[PDB]
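Have a look below at one chain only, the form deposited in one PDB entry, in structure tokens format.
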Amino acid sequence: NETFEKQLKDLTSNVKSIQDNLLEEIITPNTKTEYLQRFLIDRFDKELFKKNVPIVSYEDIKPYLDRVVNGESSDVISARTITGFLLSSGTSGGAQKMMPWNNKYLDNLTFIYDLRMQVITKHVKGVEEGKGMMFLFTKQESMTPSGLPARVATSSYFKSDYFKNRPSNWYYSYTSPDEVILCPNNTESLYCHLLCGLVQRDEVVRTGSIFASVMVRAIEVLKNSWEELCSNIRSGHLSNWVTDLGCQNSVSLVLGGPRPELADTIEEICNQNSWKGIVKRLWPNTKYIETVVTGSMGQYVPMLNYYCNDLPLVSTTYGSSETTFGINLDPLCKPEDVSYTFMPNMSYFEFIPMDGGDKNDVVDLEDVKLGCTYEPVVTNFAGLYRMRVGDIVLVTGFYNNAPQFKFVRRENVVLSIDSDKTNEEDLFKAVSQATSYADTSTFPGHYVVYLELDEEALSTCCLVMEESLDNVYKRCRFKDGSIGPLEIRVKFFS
């Protein structure tokens, strides 16, 4: 508390000096990299940096990134060794962007985890002796020619000691064994998350996932699997179809032995007329749902409130493959009122105005204007200098001297159900090969493109349209099952 109260007041009061000091911390060891040498940055000088280092897009610097991805020394862009890459949900030329990465990403990520934990406990009581049923997933890595792995942000965390050796307190205590969280087969691991959460239902004081789409999926899978889950509880055995050795061993220990009475109890709850409030009925000690409900995830809020009996939905964190940005300092607000306060120790932040309210070319964090929209620009600890993020944010206020931002949209994105972010360009290519709407009225959600009939021909249209989308889409569609068959309404399905 005392340490935290002071910590937060300082971070948010001293933004100007923290940002300027951070930029010096980044630039000084990097003055001899090929990249900074190119732009004649031979010492820390903020004015020369702003004047001479260009504001770049991913495509602008891809030739440097490709070199590091292929095995060239990371000193071309960063004197802090690059030890891996992050796979962005954002795409470049149909291929997922690969951002450079090192353990500073995890230093900052864990800093934010500890900070948001304190923010939550300040405002929410009755959580410190319980566990969380957190639907957390690991995604198998992709190998690059350099031999370094490329992972999604949270997988870079789970597959590290930052997670394995995390703090032993309520916030880091889950109903699922680590083996379940680490399991790269997410169909198996989601089933196991639910089973373990049910067995330990009285201990659950929070539940959630990174994004709302995954929370909704977990509930939908519960609705479709409860009979089987209860049979495992009754018998004290995990279903044979789960092949992961880690899950088998760890979940067997959670089960312990036959629990016919607990099975009866759960079955009676699931057999009611309606699924309304099911989360709070199965997990009666839950204090809040922890999941992002901003941006494209806002579409899931009505379903969440239905299943959770208006438990608070707490949307804590805004982050990307470039850097974690910051957190929600008013966690108990309504989803539509969520703003994120950037933390000035994360990266050096600049902002390009996206409307007429601010006529500058680019501005520092401390200079953004209320009610104006911007694209964030990031200088980080892994070789990105003044990189455009492609998101649009709106200044809603200032907490002490720290600007607070509403997430508006990812620029150019037209369709999003889960982690997929299909942009106008991808959709143009698809309809060529052949308007739209993201339908989440049913699960899973699915794309809907408005365009007797040759049903073979129009079913092939749906097909070639999907085949032209990106790898994130195809993973959600064919592997996760988080996205259903694309639908063309002239109705035909892929």
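Residue positions are given as counts along the sequence shown, with the first one as 1.
Keep in mind that the form deposited in another entry is not shown, yet the notes after this line are about it.
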item: Which entry of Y288, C462, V413, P444 falls at the hinge, with the rigid parts compared between the shown form and the other one; value: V413
item: Inter-Cα distance between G319 and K104 in the other form, nearer or further [3 Å or more]; value: closer
item: Relative Cα spacing, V301 and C476, in the other form - shift of 3 Å or more; value: farther
